[PDB]
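Colleague: Enclosed are the sequence and the experimentally obtained structure.
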Amino acid sequence: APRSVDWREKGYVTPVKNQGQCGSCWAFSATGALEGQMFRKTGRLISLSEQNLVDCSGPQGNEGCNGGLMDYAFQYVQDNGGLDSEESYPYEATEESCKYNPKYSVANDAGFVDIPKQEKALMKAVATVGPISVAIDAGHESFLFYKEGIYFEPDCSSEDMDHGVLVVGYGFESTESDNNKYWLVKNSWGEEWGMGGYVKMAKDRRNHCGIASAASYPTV
Amino acid sequence: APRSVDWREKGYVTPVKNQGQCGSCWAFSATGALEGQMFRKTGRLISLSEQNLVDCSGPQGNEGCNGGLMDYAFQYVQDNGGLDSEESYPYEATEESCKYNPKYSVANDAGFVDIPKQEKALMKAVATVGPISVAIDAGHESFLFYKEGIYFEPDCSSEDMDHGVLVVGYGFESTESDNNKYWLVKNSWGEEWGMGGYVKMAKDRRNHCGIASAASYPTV
Amino acid sequence: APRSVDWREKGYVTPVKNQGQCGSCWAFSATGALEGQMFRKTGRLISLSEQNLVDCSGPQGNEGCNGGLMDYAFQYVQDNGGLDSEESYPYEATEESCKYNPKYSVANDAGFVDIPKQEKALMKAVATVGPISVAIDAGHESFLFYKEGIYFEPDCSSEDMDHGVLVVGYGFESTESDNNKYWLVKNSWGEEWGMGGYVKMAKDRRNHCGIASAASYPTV
Amino acid sequence: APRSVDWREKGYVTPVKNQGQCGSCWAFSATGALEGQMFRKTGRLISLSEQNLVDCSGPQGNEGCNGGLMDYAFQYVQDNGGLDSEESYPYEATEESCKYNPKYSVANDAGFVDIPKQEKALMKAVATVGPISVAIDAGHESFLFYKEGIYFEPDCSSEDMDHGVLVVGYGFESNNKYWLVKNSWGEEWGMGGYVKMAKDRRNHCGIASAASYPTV
Ligand SMILES: *[C@H](CS(=O)(=O)c1ccccc1)[C@H](CCc1ccccc1)NC(=O)[C@H](Cc1ccccc1)NC(=O)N1CCN(C)CC1
Ligand SMILES: *[C@H](CS(=O)(=O)c1ccccc1)[C@H](CCc1ccccc1)NC(=O)[C@H](Cc1ccccc1)NC(=O)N1CCN(C)CC1
Ligand SMILES: *[C@H](CS(=O)(=O)c1ccccc1)[C@H](CCc1ccccc1)NC(=O)[C@H](Cc1ccccc1)NC(=O)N1CCN(C)CC1
Ligand SMILES: *[C@H](CS(=O)(=O)c1ccccc1)[C@H](CCc1ccccc1)NC(=O)[C@H](Cc1ccccc1)NC(=O)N1CCN(C)CC1
């Protein structure tokens, strides 16, 4: 795998979005991964509807603003035969009745891939697939307050995660250092948070915050 | 809860045993769970005597090679004040008169805990307690020839279990059908059955084969 | 197409063979497809010589134990006007000079058909033609160690195939509505590999492992 | 010696591990043997760091994912004064700079013992010492494809071995005696990651030709 990857430079990544006061991180993680795989397959980046997922993917196990899983969202898109664009089905930050319209569907998948629980496997997937949905332990105020640098939280759990985000790349401190490698992570808390909405998470430090424990992407 | 658990890596689990042609699965389930809880307490992993349970726990309700319940076994160990080591009271695969000797007792318990009949509760117990005794519907040919992968039997019953086994963890792996989650289950049919004597039972598929319907562990 | 196909039950397929430590998979894929089409034409199944292809089809672009293409093998049979039987020209697992003898030729073809690169087209061809030559990404340890069930490898590529094999059918496991679908694939690593030398490969997951990317059959 | 031995039943053996796509078998053989001897000495079974060996035992002669010797790994632990736990220094399946931390050392050794190149000597060692590091000729597809039974490969070499593994016991049919061998290719391979190798058949696959264990 290359020593660094940034899928934003290849056109796979939409701008940073903001879930608001709704626990819909899973939907933003899922649309991010499906935006990337649709671009891989079609050469077109089209922003996708988190509201569609919040309102409509209950049958696959999701619970709207009360939480969900990226894999359930990927299952919804398969079962449903499509997913509407962000433009056609804009985000409201609260759960509503489903208003899916197939005429505005711009994405599809045939299931999903769960990556094995190894940071080496996550690296290979980021390098060769595109942006990857991951879950992390973001339940520490250090994450809430993050502004810049390589995020490392001594109390982070590698097994108990609470926040779905999107790995769009990875990098290093210098070509010859094992220190302060990082995953480049797109969050969904707006661009004020962090580094324009992004965080560099510690990479190859014993699966820090569980970033490799629930990594997946849709089959496209 | 954690997305993956394997108590074998923490030292809680003895090697796979073989009940032979005796219907004593309940006793192997019980010794497995007690081995785990005793290790949790003392840091010593000591294989426990299934024969002691087969021969001696009739008063609690068990019926030797003709079946029994893990909770009855846990009750016996409490009522009896002890349980002999496997080395001291070896397995003969046929019921005989009770030969318990307190001098060779290496385990105790103070009762047991029954888990609510939901896979969500079983997962919380596995994640926080250790290996858990469970009963499954194992009366299908597919269960005999199992070699690898996630076991799913469409004819499996969630209410009528016939086999006591031990959940030592859970996890996931990508599959064709995207039913990726499994319980890691220790069987007592020897190393040549299944994956070194283990089976990955379908997890979060409507309580498949009843794995969450009679789950419990001893209190140590 | 039919819901399931197994050309072995119709007499189209020879026993599993073993290429040894020679990169001649392409020749075994090609003989398998030609064995099927010759059976379709004549009603007689005759095992065909991979060694003939390894030794003789260089002019069409093949490179013996260093790799080849099934289409180049079909072109050789057409150019050459024949291919010898396995019995007359047995397999040696190393490249040698060409000893084709037309007296022992038992097959011919008039070219080949490349199937469109998607799995609906591949299924139609398997259902209406017979066994189909395909290439897959077999370059993972999971493939070496495959035992039973439907092979799904998260890191499988749909573009970078390295191994020529033979699709002899397809079908499904479990309840049909679970979409637990597979391709039935004959390998050439002997009957100790896999399921008697066969593997069930993930079907209808967007061309998993590239099984539809280089599919063809000979015209007889 | 006893007719059969299985050190797994005595608590000497950690679960099966997976070296991945790195030629670090020697390091898994070494940690396996040191795990057994550390348990023999202390009563604690603690998984040990193959990555520590891969990254750090170059001065003893090892070459990371490009190969090594179990004896060189045992020499490193002695020279270094310790070896980190698996938990503190987990496996990355690629060679990097050495990150050994003495505060997380959980193992030590005082050298190593090479066993004479005879299966009778190997049996005595397994019976009296615990799990033994060995090297075998695993360069045959029959070994890649192994699933069950007593492994025997007519083309195996007794002198040219390429794979470090761990003998955790031995047994008998009731002919076809076997060594119980723990591999490091994960649980799917073989019998839950184990293989029964032919025992007392002219040093099949060289299993007695490079056997050793650490002194603790
Ligand atoms: C989003 C994370 S968050 O809201 O942005 C947040 C806030 C502060 C700190 C950290 C993170 C949601 C939050 C859901 C929630 C709502 C209300 C109260 C508590 C939580 N997180 C999830 O949806 C997680 C994501 C996840 C994915 C994969 C693996 C692990 C976690 N999932 C979740 O909460 N679930 C999952 C399943 N089920 C359908 C409901 C519970
Ligand atoms: C072990 C199961 S088994 O023998 O390994 C087996 C074999 C083949 C297929 C599936 C399982 C025993 C079998 C008892 C038996 C022997 C001979 C004829 C009929 C039955 N199973 C039990 O002991 C079960 C386990 C169990 C525990 C908890 C909840 C549900 C089931 N229990 C059991 O059979 N009994 C009968 C008598 N006893 C007092 C109460 C429960
Ligand atoms: C057989 C595959 S294999 O040897 O059985 C194997 C072993 C282990 C894992 C996976 C597969 C050959 C291998 C050729 C090879 C030899 C030595 C080093 C590297 C490779 N594979 C081929 O022959 C492939 C098959 C193929 C067909 C169609 C599309 C894609 C792949 N072709 C190949 O390797 N070529 C083709 C062209 N040219 C003549 C040589 C390179
Ligand atoms: C592990 C064996 S393996 O990779 O798992 C494997 C794979 C397939 C089939 C069989 C085995 C390593 C492999 C090293 C390697 C990597 C890349 C290319 C070639 C080789 N094997 C070793 O490390 C062996 C083990 C050994 C120990 C004792 C006696 C004999 C063999 N040793 C080795 O390769 N050395 C020794 C010393 N020197 C430092 C480098 C070469």
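Modeller: Done, it's in. Numbers count the residues shown, from 1 in each chain, chains lettered A, B, ... in the order given. Ligands and ions are numbered 1, 2, ... in the order given.

Colleague: since we're on residue A:96, how many residues are nearby?
Modeller: 11 (other Cβ atoms under 10 Å in any protein chain shown). Every C-beta, even on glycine, is put in place using the N, C-alpha and C of the backbone.

Colleague: Next, it: phi, psi?
Modeller: Dihedral pair for residue A:96: phi -130, psi 170, per degrees, to the nearest 10.

Colleague: where's it relative to residue A:84, distance?
Modeller: 13 Å (Cβ to Cβ, to the nearest Å).

Colleague: same deal with residue A:135?
Modeller: 25 Å.

Colleague: Next: residue A:12.
Modeller: Applying Cβ to Cβ, the value for residue A:12 to residue A:84 is 20 Å.

Colleague: Now residue A:159: which helix or strand?
Modeller: Under the criterion of DSSP states H and E, residue A:159 resides outside all helices and strands.

Colleague: So what's the residue count around it?
Modeller: Close neighbours of residue A:159, defined as other Cβ under 10 Å, add up to 16.

Colleague: Which residue is the nearest non-sequential neighbour of it?
Modeller: Counting by Cβ to Cβ, 6 or more residues apart in numbering or on different chains, residue B:2 is the residue found nearest to residue A:159 once chain neighbours are left out, at 3.5 Å.

Colleague: Now do the same contact list for the one you found.
Modeller: Contacts for residue B:2 (Cβ atoms under 8 Å, 6 or more residues apart in numbering or on different chains) come out as A:159-160, A:213, B:127.

Colleague: Repeat that for residue A:8.
Modeller: A:168-169.

Colleague: hmm, back to that, ok, and the most crowded of the contacts of residue B:2?
Modeller: Greatest neighbour count in the contacts of residue B:2, by other Cβ under 10 Å, goes to residue A:213: 25 neighbours.

Colleague: need the helices for chain A, in chain order.
Modeller: Counting by DSSP state H, chain A has helices at residues A:25-42, A:50-56, A:70-80, A:119-128, A:141-144.

Colleague: how about the first one, does it get close to ligand 1?
Modeller: Yes. Among the residues of helix A:25-42, A:25-26 lie within reach of ligand 1 under Cβ under 6 Å from any ligand atom.

Colleague: what angle sits between that helix and helix A:70-80?
Modeller: Between helix A:25-42 and helix A:70-80, the angle comes out at 60 degrees (axes from the mean of the first three to the mean of the last three Cα atoms, to 10 degrees).

Colleague: May I have helix A:25-42 as CSV, with CA atoms only?
Modeller: Listed next in CSV are the C-alpha coordinates belonging to helix A:25-42 (Å, rounded to 0.1, in the frame of the first residue of the first chain):
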residue,chain,number,x,y,z
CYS,A,25,-23.8,9.8,12.7
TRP,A,26,-24.3,6.3,11.3
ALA,A,27,-26.2,7.8,8.3
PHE,A,28,-23.5,10.3,7.5
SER,A,29,-20.8,7.6,7.7
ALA,A,30,-22.9,5.4,5.4
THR,A,31,-23.6,8.1,2.8
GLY,A,32,-19.9,9.0,2.9
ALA,A,33,-18.9,5.4,2.1
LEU,A,34,-21.6,5.0,-0.6
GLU,A,35,-20.7,8.4,-2.1
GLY,A,36,-17.2,7.1,-2.5
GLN,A,37,-18.1,3.7,-4.0
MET,A,38,-20.6,5.3,-6.4
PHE,A,39,-17.9,7.6,-7.6
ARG,A,40,-15.5,4.6,-8.0
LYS,A,41,-18.2,2.9,-10.1
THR,A,42,-19.6,5.8,-12.1
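
Colleague: For it, what is the distance to the chain centroid?
Modeller: Offset of helix A:25-42 from its chain centre (Cα atoms, centre = their mean, to the nearest Å): 8 Å.

Colleague: Which elements pack onto that helix?
Modeller: helix A:50-56, helix A:70-80, strand A:105-107, strand A:132-136, strand A:163-171, strand A:216-218 (3 or more Cβ pairs under 8 Å, 6 or more residues apart in numbering or on different chains; DSSP states H and E).

Colleague: And the residue lying farthest from the centre of chain A, how far from residue D:96?
Modeller: What lies farthest from the middle of chain A is residue A:176; by Cα atoms, centre = their mean that is 29.0 Å. To residue D:96, residue A:176 is 11 Å away according to Cβ to Cβ.

Colleague: And for the residue of chain A found nearest ligand 4, the neighbour number?
Modeller: Using Cβ to the nearest ligand atom, the closest approach of chain A to ligand 4 is made by residue A:120 at 16.1 Å. By the criterion of other Cβ under 10 Å, residue A:120 has 18 neighbours.

Colleague: Identify the residues contacting the nearest residue to residue A:136 once chain neighbours are set aside.
Modeller: The shortest distance from residue A:136 to any non-neighbouring residue, by Cβ to Cβ, 6+ apart, is to residue A:209 (4.4 Å). Contacts of residue A:209 were listed using Cβ under 8 Å, 6+ apart, and they are A:136-138, A:151, A:153, A:156-158, A:161, A:201-202.

Colleague: Now the buried members of those residues.
Modeller: A:136-138, A:151, A:153, A:156-158, A:161, A:201-202 (16 or more other Cβ atoms under 10 Å in any protein chain shown).

Colleague: tell me, which of the contacts of residue A:209 make contact with ligand 2?
Modeller: Checked against ligand 2 using Cβ under 6 Å from any ligand atom, the contacts of residue A:209 yield no neighbours at all.

Colleague: Could you measure from residue A:82 over to chain D?
Modeller: Separation of residue A:82 from chain D (Cβ to the nearest Cβ, to the nearest Å) stands at 37 Å.

Colleague: How many residues are close by that residue?
Modeller: By other Cβ under 10 Å, neighbour count at residue A:82 equals 18.

Colleague: before we move on, back to that, could the buried ones among the contacts of residue A:209 be laid out in TSV, adding distance to ligand 4?
Modeller: Below are the buried ones among the contacts of residue A:209 laid out as TSV (distance: Cβ to the nearest ligand atom, whole Å):
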residue	distance to ligand 4
A:136	33
A:137	34
A:138	38
A:151	36
A:153	36
A:156	33
A:157	33
A:158	27
A:161	33
A:201	32
A:202	30
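
Colleague: out of those residues, which are inside strands?
Modeller: In strands, defined here by DSSP state E, the members of the buried ones among the contacts of residue A:209 are A:136, A:151, A:201-202.

Colleague: now, the most widely separated pair of those residues?
Modeller: A:136 and A:202 (10.7 Å; Cβ to Cβ).

Colleague: In contact with residue A:158, which residues?
Modeller: A:137, A:206-210, A:213.

Colleague: Kindly recompute the last result at 10 Å.
Modeller: By Cβ atoms under 10 Å, 6 or more residues apart in numbering or on different chains, the contact list for residue A:158 reads A:117, A:136-137, A:205-213, B:2.

Colleague: Quick check: the farthest pair among these?
Modeller: Greatest spacing in the contacts of residue A:158, by Cβ to Cβ: A:205 and B:2 (18.4 Å).

Colleague: wait, residue A:76 sits on residue A:48?
Modeller: No. If you go by Cβ atoms under 10 Å, residue A:76 and residue A:48 don't touch, sitting 11.8 Å apart.

Colleague: what sits in contact with each of those two?
Modeller: By Cβ under 10 Å, 6+ apart, the residues touching both residue A:76 and residue A:48 are A:27, A:30, A:83.

Colleague: Could you tell me how far whichever residue of chain A sits closest to chain B is located from chain C?
Modeller: Residue nearest to chain B within chain A: residue A:159 (3.5 Å; Cβ to the nearest Cβ). As judged by Cβ to the nearest Cβ, residue A:159 and chain C stand 20 Å apart.

Colleague: How many neighbouring residues does residue A:40 have?
Modeller: Using other Cβ under 10 Å: residue A:40 sits among 17 other residues.

Colleague: Right, I'll leave it there.
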